[PDB]
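As a convention, Cβ positions derive from the backbone with ideal geometry for all residues, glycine included, and neighbour counts pool all protein chains shown. FYI, it's all coordinate maths here, none of it is from the lab.
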Amino acid sequence: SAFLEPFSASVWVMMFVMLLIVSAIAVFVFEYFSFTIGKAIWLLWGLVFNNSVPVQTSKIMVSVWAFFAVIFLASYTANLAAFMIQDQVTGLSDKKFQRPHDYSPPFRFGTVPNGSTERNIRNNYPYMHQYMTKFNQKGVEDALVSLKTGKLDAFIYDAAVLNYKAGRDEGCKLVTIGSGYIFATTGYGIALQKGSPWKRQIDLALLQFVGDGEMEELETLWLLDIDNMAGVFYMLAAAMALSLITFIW
Amino acid sequence: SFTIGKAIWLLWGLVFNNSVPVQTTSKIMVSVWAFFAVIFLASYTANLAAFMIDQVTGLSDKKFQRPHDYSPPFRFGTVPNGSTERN
Amino acid sequence: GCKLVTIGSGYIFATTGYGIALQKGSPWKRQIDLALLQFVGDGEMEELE
Amino acid sequence: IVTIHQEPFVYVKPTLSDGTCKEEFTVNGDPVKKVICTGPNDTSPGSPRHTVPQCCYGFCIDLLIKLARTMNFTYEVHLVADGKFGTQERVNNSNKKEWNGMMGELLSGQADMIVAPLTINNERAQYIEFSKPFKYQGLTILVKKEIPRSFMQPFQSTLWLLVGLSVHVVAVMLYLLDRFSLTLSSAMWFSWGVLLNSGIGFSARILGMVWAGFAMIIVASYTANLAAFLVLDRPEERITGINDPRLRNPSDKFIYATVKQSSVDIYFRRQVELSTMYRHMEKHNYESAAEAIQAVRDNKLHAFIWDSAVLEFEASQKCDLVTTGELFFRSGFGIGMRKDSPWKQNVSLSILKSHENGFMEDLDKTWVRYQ
Amino acid sequence: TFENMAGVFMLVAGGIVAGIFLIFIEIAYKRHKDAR
Amino acid sequence: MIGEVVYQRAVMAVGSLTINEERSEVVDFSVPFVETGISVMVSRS
Ligand SMILES: *[C@@H]1O[C@H](CO)[C@@H](O[C@@H]2O[C@H](CO)[C@@H](O)[C@H](O)[C@H]2NC(C)=O)[C@H](O)[C@H]1NC(C)=O
Ligand SMILES: *[C@@H]1O[C@H](CO)[C@@H](O)[C@H](O)[C@H]1NC(C)=O
Ligand SMILES: *[C@@H]1O[C@H](CO)[C@@H](O)[C@H](O)[C@H]1NC(C)=O
Ligand SMILES: *[C@@H]1O[C@H](CO)[C@@H](O)[C@H](O)[C@H]1NC(C)=O
C-alpha cells in the first residue's frame, strides 16, 4: 500500500481518536477561556504550521499545546525517516501451478529431464508432467540464461543447486522462494552397493563430520516513494468532501 | 519602500519559519528566497545528523617525564622478574 | 565493559617478538626456524591468531 | 651491499652535476646521510643499460651505517642490476630452479648482506640465513581513495505537477467560496508564502487551513528522505582484508595484482586454497612497486597488494590512496646474509640493541612519520 | 503505538488539564488584585 | 625458564618470552611468531 497503515500508523485508530479528542479539548478550552467554531478551529488548525498570516492573555495559555504539536511533528518526521530502511508463488500449492491458464501470460516452467525433479513431479502431479515437458532445458546453463532473459517464468530444480546459483548470481536478480517452502525436503547422501560392508563406516564417518563442525566448515568458503502519490490524492479527496459539505448548506 | 528598512528585515526574517512580524509585486518573487533558506537549513541538518553518528602514545609524554610535577599523581607499575624492568 | 584501551597499534616502544628459546648450539635451530617460517607462510598461524 | 629501489626505504635519485650526493637537510635540521650507489638507472629491458653512480638514502642506509660503525664495515652499496627481489623461476632447460635478483646475487657469491624490504620467507630462509627483524609490518592491501560525494527530487519527480495542480484547485475553490460567501495570482502567491514562510497573507477558512496543513507535509517528507539517505551514501568498503566474500570470486572488472615473484607471490602459491583467484593476478603484474602505485593512481589498477610499511607511507605522503585490511601474513624484514657469514650473532645483537634503544624509533620518526 | 508516545501523551494531557485549572485561578487572582 | 635452558636442564623453551641483549647471548632464539613489545593499556564530543 501507499501512505496507508503499513507505511506508518499500523493500527490507524488510536492516532485518529487521539487527534479527534485533542482537537475537541482544545476547542472547548479556547471557548471557555471568542468563537466556538469561527476562531477555535481556525487556531487549532493554524498552530500546526508557522506561516499563520491571519493570526489574531487567553492565547498565552492555549499556546502551550503548540509544544505538543511541534513535538508530534518532530516525532512523525523521525518515525518516517526511521521506517524507510531496508517470491509470490510460495510453493506449488498455489493455483498458479495448478491452473496456469487462468493467467493471461502462459506459464513457462522449467525442469531438467532425466533427473530427480521430473521423476518426483510424476508421482505427485500426473497431469502437470505433460505441461512441464513442454518447456525443458538441456542443462542448468540454458535454464539460467532463459531466466535471465525471461524465457522461463520459473525454474524447478534441486534446492541446493538453486541456492548456490542464487548466492552466486550476477546482479542478484535470481532468488529462490524464501526458505522452508520445499516441496519435498530430502538429503544427498552417498550411494553404495546393497549389502556392501562399508555403509556401517560411511554413515558413522559422516555423522562424525557433521558433529565435529567439519560439515559447517566445508559449507563455508565453498558457497519520492509511493506514499507521496497517495497523500496528495487523499488530501484532494478530503478537500473535495469538505467543499461539498460546505456547499450543501 | 525603504532600501534597508524592509529588505534587510525580510531577508533576516525569512531564514526562520517562526516569523510573526513579517510583512507590492517585486517583493513577491524575492520571497522565493525562503525556499533556498529552508533547503540550506535542511541540508545542514542532514549533514549534521550524518556526521554525528588517553596519552600521547609513547614514553616521550611529559606525564611520564614529570609524574610528580603535575597535579594528578601517577603510579605506572610494572611486572617484576621480567623484561620490562630491564627495558 | 571494554573500558581498557592501549595506545593504538603502531606506537609500540620496543617492538620485538616472542619466538621460542633453544639451547645454545642446539642442532634443532634449523628445523625450528624452517617450521616456524612454514607456519608463518601458511594459514596455520592465522588460524591460531 | 645490495639494495632494491623502494621509496620508503631506498631513495634512488640521480646525483648532482659533479657526480656526488647532493647535500640535503631534514625538517628537524639534522644532516641526511647519503651513500653513492652504482646501480643501473634504466629499468626497461633492451635499453642501453648504464651503471651510473646514483645516490641512495632512506631508512635502510641509516641502519647500514650504524652496523658499519658498530662492526667496522666498508660497504659499497651495489644496487641490484635486475631490479627485482625474485624467489624461483626458470628460463631455459626447465629442470632446475635458480634464484634471480638480490637473492640470486647474494647466493652466487658477488654481493653480501642485504639491507632492504626483503621479508622473511620459508624458501628464502632455506638458503639464506637472516637476522632478527627490524620491522614486521604485515603486508596489507592498498586501494584508491574514494572521491568526495539529489538537488531536485531523487525520483518520481511528478511532485511538482501534483503541487501545481493542488495550488490551482485550492485557488479556484477559494475563489468560488468567496463568490458564494483574488483574481489572477493572489491565491497562488498566498500558497507560495505558505510553502515558504514569509508572513504574507468559514469554508474558505477551513480550505486554507487544510491546505496549509498539507503544505508542510511535502517539505517534511523531503527533509526526512534527505536525512535518511545517509544509510547508503555510496562509499562502499573496498576490500577489507583478503578473507572477504568479494575476493573469493575473481572478476575482470575489478583488477588487482602484486608486483613480481616476491614474498606475496610465494605466499599466494604456498596457500593453495583459492587458486582460481590467485591465478588472476599473474597475467597483469608490474615491473616495480613504483609503477604499480603509479598505475593505481592513474586508476589503471583498482587494488594493489604490497608490504604495509610501503603502502601506509605512500598513503601518508600522497593523500589520494587509502589502505584496506588490518593485517595478514605478518612476516618481518631481515638482513639477508650468507650462511658462511661470521657476523650473524653480532648483526642480530646490533639489531636487538637498536630495537631496545630509541634508534629504531628515531629512524621511524625521521623516515616514516610524515604528514 | 507503544509505551513511549502513549506515556508522553498522558503526561502532556495531565500537564494541560492542570495548567488550565491553575491559570483560571491565576487570572482570577490577577484581576482581583488589579481591580480591588 | 632462561636459567633452566642455560644450565642443560632443558633443550627448548616454548614459553612466551621476549628477546633482549642478555637473553640472546646465553641462548639463541628462533624467528619470532607473535609481535609484542612495550605498551601501555589504561582505562577510560
Ligand atoms: C662478534 O662480537 C664478539 C663480541 O662482541 C667478538 O668477540 C670478541 O669479544 C670480546 C669480548 O667478549 C671483545 O673484547 C673482542 O673485541 C671481540 N673480538 C673482536 C675482534 O672485536 C667477535 O670478534 C665479533 N665478530 C665479528 C666478526 O665481528
Ligand atoms: C533423456 O533421456 C532420453 C532417453 O530416451 C534421451 O532421449 C534424452 O536425450 C535425454 N535428455 C537429456 C537432456 O539427457
Ligand atoms: C621475583 O619477584 C619477587 C616479588 O615480585 C621478588 O621478591 C624476587 O626478588 C624476584 N626474584 C628475583 C630473582 O629478583
Ligand atoms: C674497529 O672499530 C673500533 C671502534 O669501535 C676500533 O676501536 C677498532 O680499532 C677497529 N678495528 C679495526 C681492525 O679497524
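For D:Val77, neighbours were defined as the other residues whose beta-carbon sits under 11 Å from its Cβ, and their charges (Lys and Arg +1, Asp and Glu -1) total -1. Quick one: net charge around D:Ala290, please, counting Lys, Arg +1 and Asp, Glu -1 for every other residue with C-beta under 13 Å from its C-beta. Neighbour charge sum, excluding D:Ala290 itself: 0. Could you give me D for region D:283-370, from Stokes-Einstein at 37 °C and 0.692 mPa s, where the hydrodynamic radius is the Kirkwood radius over C-alpha pairs? Units µm² s⁻¹, please. So the translational diffusion coefficient is about 207 µm²/s. Other residues whose C-beta falls under 14 angstrom from the C-beta of A:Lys165 contribute a net charge of -2, scoring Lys and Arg +1 and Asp and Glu -1.
Only DSSP H runs of four or more residues enter the estimate; each adds -39500 (n - 2.57), and after division by the residues of chain B the mean residue ellipticity at 222 nm equals -11000 deg cm²/dmol. Computed 3J(HN,Hα) for region D:244-251, one whole-Hz value per residue from the Karplus formula 6.51 cos²θ - 1.76 cosθ + 1.60 where θ = phi - 60°, is 9, x, 6, 8, 6, 10, x, 9, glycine and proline marked x. Each residue, A:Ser104 and F:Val14, gets one label point 7 Å from its Cα in the Cβ direction; the gap between the two is 7.6 nm.
The calculated FRET efficiency for D:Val219 paired with A:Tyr181, based on their beta-carbon distance and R0 = 56 Å, is about 0.80. Annotation: amide H of D:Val2 within the under-5 Å range of D:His78, D:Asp112, D:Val115, sequence separation 5 or more or interchain, hydrogens built in the peptide plane.
For every helix of n ≥ 4 consecutive DSSP H residues, a contribution of -39,500 (n - 2.57) applies; sum these over chain D, divide by its total residues, and give [θ] at 222 nm rounded to the nearest 500 deg cm²/dmol. Calculated mean residue ellipticity at 222 nm is -11500 deg cm²/dmol. Computed from the alpha carbon positions, the gyration tensor of chain A leads to an equivalent ellipsoid with semi-axes of 64, 26, 16 Å, biggest first. For region B:46-87 and region D:1-67, what is the separation of their Cα centres, given in Å? Comparing the Cα centres of region B:46-87 and region D:1-67, I get a distance of 39 Å. Treating each Cα of chain B as one equal point scatterer and applying the Debye formula with no solvent, the log10 of I(q)/I(0) at q = 0.26 Å⁻¹ comes out as -1.27.
In what order do A:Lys151, D:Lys339, A:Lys165 fall by count of nearby beta-carbon atoms within 10 Å, going from fewest to most?
Working: A:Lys151 14, D:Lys339 9, A:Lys165 19.
Least to most surrounded, the residues fall as D:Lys339, A:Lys151, A:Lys165.
Entry for the protein assembly as shown at q = 0.05, 0.06, 0.09 Å⁻¹: log10 I(q)/I(0) = -0.54, -0.73, -1.08, Debye formula applied to identical alpha-carbon scatterers, no solvent contribution.
With a Förster radius of 22 Å, plug the Cβ-Cβ distance of D:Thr158 and A:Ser8 into 1/(1 + (r/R0)^6) and report the FRET value to the nearest 0.05. Before the final figure, lay out each step's value.
On the way: r = 21 Å, r/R0 = 0.98.
Step by step, r from the Cβ atoms, then E = 0.55.
Which of rounded, prolate, oblate describes region D:205-345, given a ≥ b ≥ c as roots of the alpha-carbon gyration tensor eigenvalues and a/c under 1.5 marking rounded, otherwise prolate only if a/b is larger than b/c? It is prolate, given that a/c is not under 1.5 and a/b is the larger ratio.
Projecting label points 7 angstrom from Cα along Cα→Cβ for D:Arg297 and A:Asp142 puts them 5.5 nm apart.
Taking the Cβ-Cβ separation of B:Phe35 and A:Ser75 as r and a Förster radius of 25 Å, what is the calculated FRET efficiency to the nearest 0.05? The calculated FRET efficiency here is 0.50.
Phi angles of region D:342-349 translate, via the Karplus equation with coefficients 6.51, -1.76, 1.60 and θ = phi - 60°, into HN-Hα couplings of x, 8, 4, 4, 6, 5, 4, 5 Hz per residue; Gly and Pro are given as x. Each label was represented as a point 7 Å from its Cα along the Cα-to-Cβ direction; for E:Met5 and D:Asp233 these points are 2.7 nm apart.
For E:17-27, what's the mean count of beta carbons from other chains sitting within 10 Å of each residue's beta carbon?
Details: counts 2, 0, 4, 8, 0, 1, 8, 3, 0, 1, 5.
The mean count of partner-chain Cβ atoms within 10 Å per residue comes to 3.
Comparing region A:101-156 with the 2.2 N^0.38 Å rule of thumb, its C-alpha radius of gyration ratio is 1.11 (two decimals). Scanning residues 5 or more positions from D:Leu142 or on other chains, those with amide H under 5 Å from its amide H are D:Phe304, D:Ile305, D:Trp306, D:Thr324, with H placed 1.01 Å from N in the peptide plane. Within the same chain, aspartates and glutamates fewer than 8 places from D:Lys344 are excluded, and of the rest, those with a Cα less than 15 Å from its Cα are C:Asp33, D:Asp112, D:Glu129, F:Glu21, F:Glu25, F:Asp28.
Convex hull volume of the C-alpha atoms in chain D, normalised per residue: 246 Å³.
Using square roots of five times the C-alpha gyration tensor eigenvalues, list the equivalent-ellipsoid semi-axes of region D:100-184 in whole Å, biggest first. Each step should come with its number before you reach the end.
On the way: eigenvalues 1444, 26, 19 Å².
Equivalent ellipsoid of region D:100-184: 85, 11, 10 Å, largest first.
Solvent-free Debye calculation, one equal scatterer per alpha-carbon of region A:81-182: log10 I(q)/I(0) at 0.24 Å⁻¹ equals -1.61.
Would you mind classifying region D:187-227 by shape? Square roots of the alpha carbon gyration tensor eigenvalues, ordered a ≥ b ≥ c; an a/c under 1.5 is rounded, otherwise it is prolate if a/b is larger than b/c and oblate if not.
On the way: a/c = 3.48, a/b = 1.74, b/c = 2.00.
In terms of gyration-tensor shape, oblate.
Shape index of region D:162-219: Rg/Rh, with Rg the Cα radius of gyration and Rh the Kirkwood radius from the inverse mean 1/r over Cα pairs, equals 0.93. Residues whose amide H comes within less than 5 Å of that of D:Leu321, counting only those at least five positions distant or on another chain, are D:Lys145 (H built at 1.01 Å from N in the peptide plane). For region A:173-223, what class follows from the C-alpha gyration tensor (a ≥ b ≥ c being the square roots of its eigenvalues): rounded when a/c is under 1.5, otherwise prolate if a/b is larger than b/c, else oblate? In terms of gyration-tensor shape, oblate. For region D:124-236, dividing the convex hull volume of the Cα atoms by the residue count gives 175 Å³ per residue.
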